[PDB]
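# Quick one: experimental structure and sequence below.
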Amino acid sequence: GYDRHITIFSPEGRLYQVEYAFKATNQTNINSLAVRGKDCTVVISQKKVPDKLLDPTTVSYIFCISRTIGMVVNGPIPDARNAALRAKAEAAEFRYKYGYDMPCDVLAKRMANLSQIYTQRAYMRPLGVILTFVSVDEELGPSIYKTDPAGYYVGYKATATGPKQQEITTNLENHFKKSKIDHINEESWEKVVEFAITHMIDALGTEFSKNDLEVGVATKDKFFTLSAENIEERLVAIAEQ
Amino acid sequence: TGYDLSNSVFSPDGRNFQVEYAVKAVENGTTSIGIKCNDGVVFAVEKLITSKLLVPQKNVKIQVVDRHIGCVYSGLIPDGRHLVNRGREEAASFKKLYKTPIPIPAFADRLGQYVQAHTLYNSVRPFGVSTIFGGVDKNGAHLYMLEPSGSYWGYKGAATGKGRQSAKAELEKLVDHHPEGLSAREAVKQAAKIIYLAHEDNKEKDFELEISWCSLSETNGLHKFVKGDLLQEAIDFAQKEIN
Amino acid sequence: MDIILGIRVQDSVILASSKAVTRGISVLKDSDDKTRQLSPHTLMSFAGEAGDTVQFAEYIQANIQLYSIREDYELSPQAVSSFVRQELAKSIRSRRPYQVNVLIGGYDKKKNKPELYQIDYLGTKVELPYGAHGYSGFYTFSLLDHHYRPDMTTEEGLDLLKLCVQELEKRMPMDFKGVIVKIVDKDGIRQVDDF
Amino acid sequence: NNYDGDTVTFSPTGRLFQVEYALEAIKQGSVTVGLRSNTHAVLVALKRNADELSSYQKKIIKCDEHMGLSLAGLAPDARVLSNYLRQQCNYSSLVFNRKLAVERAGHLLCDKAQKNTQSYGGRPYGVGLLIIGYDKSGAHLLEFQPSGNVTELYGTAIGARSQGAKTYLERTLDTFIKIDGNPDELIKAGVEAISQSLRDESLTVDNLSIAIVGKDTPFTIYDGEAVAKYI
Amino acid sequence: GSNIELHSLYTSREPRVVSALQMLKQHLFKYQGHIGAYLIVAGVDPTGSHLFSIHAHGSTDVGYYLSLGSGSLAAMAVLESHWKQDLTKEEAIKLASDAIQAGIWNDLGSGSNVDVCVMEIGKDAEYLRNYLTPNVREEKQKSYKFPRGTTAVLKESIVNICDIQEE
Amino acid sequence: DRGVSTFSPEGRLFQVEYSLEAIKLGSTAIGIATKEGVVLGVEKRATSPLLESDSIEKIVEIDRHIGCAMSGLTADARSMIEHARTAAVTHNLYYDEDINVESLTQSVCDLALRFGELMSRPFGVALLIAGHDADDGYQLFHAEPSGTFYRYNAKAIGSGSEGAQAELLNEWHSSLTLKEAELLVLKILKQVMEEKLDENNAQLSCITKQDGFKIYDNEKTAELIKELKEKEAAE
Amino acid sequence: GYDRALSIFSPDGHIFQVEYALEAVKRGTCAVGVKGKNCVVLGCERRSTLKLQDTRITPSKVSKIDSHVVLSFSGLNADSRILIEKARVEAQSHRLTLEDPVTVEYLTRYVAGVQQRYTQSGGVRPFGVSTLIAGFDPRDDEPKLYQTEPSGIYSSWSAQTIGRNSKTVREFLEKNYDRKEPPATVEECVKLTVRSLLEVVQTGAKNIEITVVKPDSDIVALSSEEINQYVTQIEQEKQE
Amino acid sequence: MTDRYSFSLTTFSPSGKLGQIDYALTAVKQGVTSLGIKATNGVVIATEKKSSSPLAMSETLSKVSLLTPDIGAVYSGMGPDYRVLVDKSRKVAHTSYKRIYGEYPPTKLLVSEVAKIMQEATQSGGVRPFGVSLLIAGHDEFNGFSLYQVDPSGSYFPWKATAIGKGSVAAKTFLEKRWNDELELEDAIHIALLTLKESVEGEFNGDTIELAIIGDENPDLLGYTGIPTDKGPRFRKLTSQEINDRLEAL
Amino acid sequence: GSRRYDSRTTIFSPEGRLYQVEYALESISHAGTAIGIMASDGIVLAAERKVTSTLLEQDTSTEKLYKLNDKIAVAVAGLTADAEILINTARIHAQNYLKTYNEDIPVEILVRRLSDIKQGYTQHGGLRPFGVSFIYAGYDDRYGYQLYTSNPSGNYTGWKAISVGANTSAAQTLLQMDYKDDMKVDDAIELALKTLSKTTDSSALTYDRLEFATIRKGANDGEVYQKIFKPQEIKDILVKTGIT
Ligand SMILES: [Cl-]
Ligand SMILES: [Mg+2]
């Protein structure tokens, strides 16, 4: 039974190492959410600092890939950082060769093709991570593209990842069934973050302090992360209505 | 089963058992700690005196990278030396291209990516060390700890090896009782105490204390070993606290 | 300079090659044979830069002999000539080209026809009734154009070649110390002692 | 058990069995002693014969004018590692006009041994080395294990029954460290140390191998009637 | 053009001029001017309209009007005389063809006809092959058609271009 | 399966220990060193009477001052002999002198452990390397596939080794003549050989300072066999 | 590149891949070599399981290496071509550098060297082939016959056989071949070779191939009728 | 490091089966249904857009891919394996043909190249076969309209009409009854929609179905005028609306 | 490391057989039957397509009979993809020879090269062998009309008549019975079709389940023509010989 150790087909036409890589994805016990506004793309992720000896400022799973592209990872930090460094390298190389900023969906496709190779070549193992790429693309507008260890990728109106993804997914599904539009009809990114946090609170049934959340925002021509104090202002506004 | 015979194989859990076995080698090693102070970092390690024939103060364990980064590790000592050798290449190439000495976070990821790479193929073995390292850069003091998996985070305090649980408890007290922060000289005294307290897990053989520090005020942001009077003052403070 | 002539008569190919080897103002030898037997019915004469000439001929000889052992068959002169041309055509764009000019005389047992091929160091190849390389070619061509007849006998061919060498001795300024003559026919390759 | 097939595999308790098996080859090897004062550093080696017609396998290898080792285990592996030390000593001399520090020679052996313990296809070195030298910080003695672990010591012993010699040196520590500017007395202490590891066989003229390096003494090996003085 | 087509298919985006520009200059620079390609690169993409020039050593420049080749000085003289900001389509074709005419007439290395290509935003690029025909040869004085049998023929033969036949 | 370079729990390389078993199955080779020269003898062991024995080459010249006898998978020895000859000649080219017997042996033994996943397995043959040099006089060495070599006053390898070695233990003294050593090799070969020893199924050779390395004629060996038979019948 | 060590030692000091290669030889059609006073004959078995065969074009069992040396084999046919090609290249390479054709002993030593190399090289299996190499050294009238096997060992033989039922035909040769007086003529030597194969072959029809090599590059392959006359005469003498 | 897997991971079993190729074909069987039908004046290829989540924008995932202006491809099996094959197929059309001959390859030769890439993943060291079957529809001047199937083994066959994946066996029976040699393109699209409806469970509309044709030249899709010989691509992907129009006449 | 997962595709069995070669030959025994018959005045190649469909485009289909040059063709039995890799290699060797010598490659030289490639995959590289058996039909001016076969082992032999793939044992017996040396092409066509018609696992032999080819000196005067039969032409020769 060596067909379960390397990435060769099982008699059922399955790759078990790929399936087990998907399981590693939830080892961190962290849930991420991504939505689209009119002018922006917001990504929120749970932040857990279990050790008092840890420097909480260094504990992050959101990455600034390029000036325009942000990436949140669901999986262990070594593989997350492996994927982060590679995406940063690929984004920089693209701009040098082709003379324009790598689109979010194209970086997604590239990282998905690299993932596909680890499923076909034996000596390389799959990375135990799901990558969620966000940007305001200059052609496609607000963009969410997500990669997995199978080498699969697709676009999203909104998306959720982690142990409790199905609860968040259905909560978002129900909202978009009412509004009958593919985005959050809101002018400011501040209110789109407030929507993202509110709908995560409703879906997980948990309250959040400023230190419990981690927020990434993509606007036209920059992706940035919020500070604890920026999140606190967001939490105050939610409580006051 | 058989999922634990080959490195880079995912178990049905989604675990790399070879990496988890490497952690056992680390847990077997001597105690090593790191303390982040007001304007720098302190490193300390337990050296077991196997025999009287060991020359005192000669078998140095703490290793410098560039001139501003200290590295200490617990587990297979050779595996640590191999990792520091790579760190010294990475720090050399960075300085060669970008001029500025490698920032601590930047250096952390260089070790991180290299250790993680030794979990991608079954042609290599994972590193049998956990590495506590850090120093002073342009953005201030940074303390990091790096595991065989390639996992690392920033720390207020760090501990690894056989006496890690004892050490961690003593570090957690300092964080609570000093929210405003700890001075470099205080952190040397405290480092001595914590190694002496963590020696209860290795109480069979007597040991030799070895401390190093990088402080903006005390060492001008360079990595130096604590020697002579300041080392004896820390040993005296430690000996007074256990009695 | 070195004289290599070829004449193709009705039933054979005759090759005349100068016996003198000289480097500058020195005569290194007066009995040199500038010929290699490629196969039982194929003969190659070569002139050119010192070392390159013999090295190239022996290299070609080894390859043709290898083919003969492997297939227990004799390559046709047309095939041998094409192989030789291609080796030279490779060498011109090489780091150090072979500076060798060759004449290939062969009897094709399948067609029962003699064939003469002229190839220069660039890999330029033509099939000719008569051919030559170097300064000697200028003279001998004009003479052979007048006298040569395609249904000539081997004896008639030798007499015409004898005339060419005699005229070359008078007209040429360098001493080529006579020629060695070899005939290629159905019976094989033989050396004409009397010349 | 299932985890000893190659050097790239950790056991469930975090042990490397191929390395531990290599460590075993040393224990099978013949005994060799190392000890030093402040002025001189001495190697003493018991050489092993195949039979009475055979010669006694050489144990001590010169690496430079100021450095050399004694071996216990696979002799061919000692030849590979000693050749590497010879080269590194040689590189230091030619490029920097600098005699290689004994401590830095240790660091280089360690790192060479380590690479063979973390890569597939290769195997660990099956030999243990005692490196003596005199450099700019005085006399030095090192112990090398093919795990990669290198240790600086006042004295030590490796090979079969080495524990006897190691205990003697642990008692004599305060005496033999003070033997400064007396090479003969330091060798006597080394010959008396290795004697604690003998059983049945005793030290004969073609059995005993001694080497010394010091303040005004190049690394020299003594064999044959040159060691009859110390028997 | 090949690599741009593969890039377009990979990204699912219409190709950009800055891409073709970047790929051309990095290729030419590699070969240190030994590939003697001097190009004027124009096009419309989702970013807008672009006009670049690329020299054989791997250098590029941006302009509203550019000219290249042996006739560039004749062409640039017309452009520097008649160019203004906010040109219409009709005006820009007139200016471009006039600048080529200057090259045809005054440059020995240039001649014959004027080829134009218009690339308007949100439209199909129209390629106007032989937009002008200013140099049409006049009728010859004599027909040099020979009487049949004028040429001496040694031999005649049918050439077999067909494959090996059946039966 | 398992690594080719794998250690056993006893700290021995599996593939080396296994090759030593291949050598035990090999035909017998004996060497005796004296102050008058070094003698080398081998059992030829032809598999059939139609096999022309004189074609069996198990004693081989390396240089004029170094002979070599082999035992085990003898085909494996060809590349070792090739390397030895190349080393001996190369050293003479670089230093204008004869290479030391120990240095030549050390060179051959450096190939031994060059195997892994270099060649796929160790050598399955042992060598007796006999020679003379000005520094250490007449010398006999035993080269193993482990990479280890020992000097010997006398040594036997192959199927009859431990029986032969016990005989050499009693017979060898420091005052042996070359004639005495020749008869002694013939005596011990005749003892351990399956078939009856004659000039066609056994082969003698020696290395002297004066004449160098010589493989004996069948006619010469035949006379020494007849001399042996008579002196054994004399008491 | 594929480095895997396929030929390794076993606890009893055997190399199984080399020993399994000898089993491939055992399966091969029988080949016999007999040297007379002034000739060497190579006899080869053709298994009659294959009829409707085109004997004009089918690879023959005896291969010329040079004009004066021949090689026959038992074992994998495909493997034999690779050894024959290397030998033919080395024969021309020797002529080119030494300005003399190979001795039979030299050509044997080369082929045996190749076979050995494929027993301790990574990523390769040994040759499933044993060879009989026969001929006359340049300007020599002394017959030469050598044998090689997958291990790489080689040796000279008065007469020898390899392949299936070689144990039987070796038994025949050991009692019928006198060293003091070998087959004086070509007739006697061919007769003894045909006789030796008739112990194993089955029918004396198209199942026996005979190749006679004489000094000075004189090599000829006997026809069906010529061999059939030997088969007829042998059995007519046997009826007594 | 280094790729130390220099050996085949697909070998013959005692029964003469190549396990990894059989297991690859099993992966294809689990895949969503795709089909192709050849008319007199065109070819149609079709498949179901099986959306993993309703939050997912299924338009961004293209199952039907342009390989050249006159050649399209659809698959059944592992999507990632298809995506990298489309990338390699597009590139080899250029490197091995268009950069040599200055024209796009004919259908049968591009198929031959894709087939070669898949055969190599069946014999080359340290790789598994591709877990997809491709249907490739194309037009070229001398061969006309053609439809090919390519399997994990690297084997390919030309088809008048066929189906691969989940409900292929039923689909192939349906096509055998409807197909004649006198079908117009609109007839083949109608039959394609009828056949595909049988294998689809949920919603059946332009948003859940992906359909493309190889038909007449589309000068409106060329992107430039002026060159008479360039008349535009024969590959066209049908819009959501264009599919829904033909579902009313169904 | 990686050793764990290596099948070792190039080792001998204790009986001195090559595992992967033997297993590849087992594969080929399930492939459609291909027959080659050599006559005085030409060669016939007949082969059976494996269980086809009514929706397979036959007139543009090729799985069995492939052209190597104008003088040499091959019938395939095994993995079609594996065959196409080797066929393209052979096509290149033939054009390499023609470029070097300015003569069409003799049939045996092309056969020997393709066979030597197969051999290599059995002795080194650690890759699986090619699961293919070829029948080579060819003409040259040394040996005239020639039939050869090669198998995954890299062994090749010459034949007057031969079969590869399914039911070879049966096919070879029928050929050995009815074949004579003075036989002509028209007769050899009839023999080939009659042999397939009896060995086939199908209910009946029809045009849509056959590939057919002849190499004739039936080309106007002193030259050789290759004829790959069209579907309608296979239908006609089936009626002529009286099988349908
Ligand atoms: Cl890619
Ligand atoms: Mg893998």
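Great, that's in hand. Numbers count the residues shown, from 1 in each chain, chains lettered A, B, ... in the order given. Ligands and ions are numbered 1, 2, ... in the order given.
# Select the longest helix from chain D.
In chain D, taking DSSP state H as the definition, the longest helix is helix D:75-96.
# hmm, that one in reach of chain B?
No: with Cβ under 8 Å from any Cβ of the partner chain as the criterion, chain B is not reached by helix D:75-96; the gap is at least 14.3 Å. Backbone N, C-alpha and C define where each C-beta goes, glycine included.
# repeat for stretch I:116-127
No: using Cβ under 8 Å from any Cβ, stretch I:116-127 stays clear of chain B, with a minimum separation of 15.9 Å.
# quick check, that stretch touching chain G?
Yes: judged by Cβ under 8 Å from any Cβ, stretch I:116-127 comes into contact with chain G at I:116, I:118, I:119, I:122, I:123, I:124, I:125, I:126, I:127.
# Show me what residue B:124 is bridged to.
Note on residue B:124: beta-bridge partners by DSSP bridges are residue D:119.
# with the residues of stretch I:116-127 next to chain G in mind, which one is nearest to residue F:199?
Nearest to residue F:199 among those is residue I:123, at 42.4 Å by Cβ to Cβ.
# That closest one - how many residues pack around it?
20 (other Cβ atoms under 10 Å in any protein chain shown).
# so how far is chain E from it?
Going from residue I:123 to chain E by Cβ to the nearest Cβ, to the nearest Å gives 40 Å.
# Please point out which parts of the longest helix seen in chain I sit buried.
Of all the segments of type helix in chain I, defined by DSSP H, the longest one is helix I:80-101. By 16 or more other Cβ atoms under 10 Å in any protein chain shown, the buried positions in helix I:80-101 come out as I:80-87, I:90-91, I:93-94, I:97, I:101.
# that older thread, point out the other elements, helices or strands, that the longest helix of chain D touches.
If you count contacts as 3 or more Cβ pairs under 8 Å, 6 or more residues apart in numbering or on different chains; DSSP states H and E, helix D:75-96 packs onto strand D:60-64, strand D:67-73, helix D:102-118, strand D:127-135, helix F:101-112.
# Provide the strand pairings for the fourth one, with the direction of each partner.
Within its sheet, strand D:127-135 is paired with strand D:67-73 (antiparallel), strand D:138-144 (antiparallel), according to DSSP bridges.
# phi, psi of residue H:233?
phi -70, psi 150 (degrees, to the nearest 10).
# nearest residue to the residue in chain D positioned nearest to chain I other than its sequence neighbours?
In chain D, the residue found nearest to chain I is residue D:120; the distance is 3.1 Å by Cβ to the nearest Cβ. Among residues not flanking residue D:120 along the chain, residue I:1 sits closest, at 3.1 Å (Cβ to Cβ, 6 or more residues apart in numbering or on different chains).
# what sits against the residue in chain H that chain E sits nearest to?
Chain E sits closest to residue H:226 of chain H, with a gap of 3.0 Å, by Cβ to the nearest Cβ. Contacts here follow Cβ atoms under 8 Å, 6 or more residues apart in numbering or on different chains; on that basis residue H:226 touches E:117, E:126, E:127, E:128, E:129.
# Including secondary structure, could those go into TSV?
Formatted as TSV, these follow (DSSP: H, G, I helix; E, B strand; the rest coil):
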residue	secondary structure
E:117	strand
E:126	strand
E:127	strand
E:128	strand
E:129	strand
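# ok, the top strand by length along chain C: who's next to it in the sheet?
Counting residues, the longest strand in chain C under DSSP state E turns out to be strand C:100-108. With DSSP bridges as the criterion, the sheet partners recorded for strand C:100-108 are strand C:42-48 (antiparallel), strand C:113-119 (antiparallel).
# Could you look up the next helix or strand downstream of the last one?
Tracing the chain past strand C:113-119, the next element assigned as helix or strand by DSSP states H and E is strand C:125-127.
# For the helix or strand following that following strand, list the C-alpha coordinates in CSV.
Reading on from strand C:125-127 to the C-terminus, the next helix or strand found by DSSP H and E is strand C:130-133. Output of strand C:130-133 as CSV, limited to C-alpha atoms (Å, rounded to 0.1, in the frame of the first residue of the first chain):
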residue,chain,number,x,y,z
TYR,C,130,38.3,13.8,-64.7
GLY,C,131,39.2,16.0,-61.6
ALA,C,132,42.2,17.6,-59.8
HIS,C,133,43.0,19.8,-56.7
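# so how far is the longest helix of chain D from its chain's centroid?
The chain centre lies 15 Å from the centre of helix D:75-96; the measure is Cα atoms, centre = their mean, to the nearest Å.
# neighbouring contacts of it?
D:57, D:61, D:63-64, D:67, D:69, D:71, D:98-100, D:105, D:108-109, D:112-113, D:125-127, D:129, D:131, D:144, D:146, F:109-110, F:112-113, F:146-148.
# repeat that for 7 Å
D:57, D:61, D:63-64, D:67, D:69, D:71, D:98-100, D:105, D:108-109, D:112, D:125-127, D:129, F:109, F:112-113, F:146-148 (Cβ atoms under 7 Å, 6 or more residues apart in numbering or on different chains).
# surely residue H:96 meets residue H:113?
Yes: under the criterion of Cβ atoms under 7 Å, residue H:96 makes contact with residue H:113 at 6.0 Å.
# which residues does the residue nearest the centre of chain E contact?
Most central in chain E under Cα atoms, centre = their mean is residue E:115, positioned 7.1 Å from the mean C-alpha point. Contact analysis of residue E:115 by Cβ under 7 Å, 6+ apart lists E:129, E:130, E:131.
# hmm, which of those are the buried ones?
residue E:131.
# wait, which of the contacts of residue E:115 is closest to residue I:193?
Residue I:193 has its nearest neighbour among those in residue E:129, at 58.6 Å by Cβ to Cβ.
# rewinding a little: want to try JSON lines for the strands paired with strand C:100-108, with mean neighbour count as columns?
Output for these, formatted as JSON lines (neighbours: other Cβ atoms under 10 Å in any protein chain shown):
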{"stretch": "strand C:42-48", "mean neighbour count": "26"}
{"stretch": "strand C:113-119", "mean neighbour count": "22"}
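# Which positions in chain E make contact with chain C?
Within reach of chain C by Cβ under 7 Å from any Cβ of the partner chain, chain E has no residues at all.
# Chain A: helices as residue ranges?
A:16-24, A:77-98, A:104-120, A:165-179, A:189-204, A:228-239.
# burial of residue F:25, as a residue count?
Neighbours around residue F:25, by other Cβ under 10 Å: 15.
# what sits against it?
Contacts of residue F:25 by Cβ under 7 Å, 6+ apart are F:159, G:13.
# at 8 Å what do you get?
Each residue near residue F:25 by Cβ under 8 Å, 6+ apart is listed here: F:72, F:159, G:13.
# Next: residue C:82.
Counted by Cβ under 8 Å, 6+ apart, residue C:82 has contacts C:125, I:100, I:101, I:102.
# Give the burial count for the one residue in chain B that gets nearest to chain E, as a bare number.
Chain E sits closest to residue B:97 of chain B, with a gap of 20.8 Å, by Cβ to the nearest Cβ. Applying other Cβ under 10 Å, we find 6 residues neighbouring residue B:97.
# For the top helix by length along chain G, buried residues please.
Of all the segments assigned as helix in chain G under DSSP H, the longest by residue count is helix G:77-98. Of all the residues in helix G:77-98, those buried under the rule 16+ other Cβ under 10 Å are G:77-84, G:87-92, G:94-95.
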